[PDB]
């Protein structure tokens, strides 16, 4: 159980989010995170609603059965090639983008996809990769923040701009190790 509450005491002094961004679909039992993220970013920057995770994934995996498609994840090179195919000059940048860079990209209506990886605790403990969407940035209580969307969710999330540690829903932690910029 969990309820929504008010957050009266925060002081949002500045907020800058990607024009036209809207959560339209949610990721459940599939590995299509990158497709969810790219779909939301391209829907925002192209100002449309025609992109969706399933159709992106199908384009990336044209020969996979419908039954096996949910289990297909995305390689970095597919994220780049797919973006290019939609008229976006995608570039990878290692690490967390600065607040100032996010602010500039967002005002320029350029989308950023987060590439995240969990932290292994043993050689037999395989780290897991995930993909998310940057939505923009804000100054809240005098602190610089980035705003992002985990496909698992129906709401947005807030990240300290000076941290790579993403505290996702269901108490899962991933590190933001780089970004695909250009959507």
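Numbering follows the first chain given and starts at 1.
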| request: Compare the mean C-alpha B-factor of 35 to 43 with that of 63 to 71 as given in the PDB entry, and name the stretch with the higher value. | output: 63 to 71
| Got a sec? Mean C-alpha B-factor, which is higher, 172 to 180 or 3 to 11? | 3 to 11
| query | What third of its chain's C-alpha B-factors does residue 85 belong to: lowest, middle or highest? | reply | lowest
| field | Chain thirds of CA B-factor: placement of residue 109 | value | highest
| query | Can you tell me which third, lowest, middle or highest, the CA B-factor of residue 154 falls into for its chain? | reply | highest
| How does residue 30 rank on Cα B-factor within its chain, lowest, middle or highest third? | middle
| said: For the chain shown, is the CA B-factor of residue 117 in the lowest, middle or highest third of its modelled residues? | reply: lowest
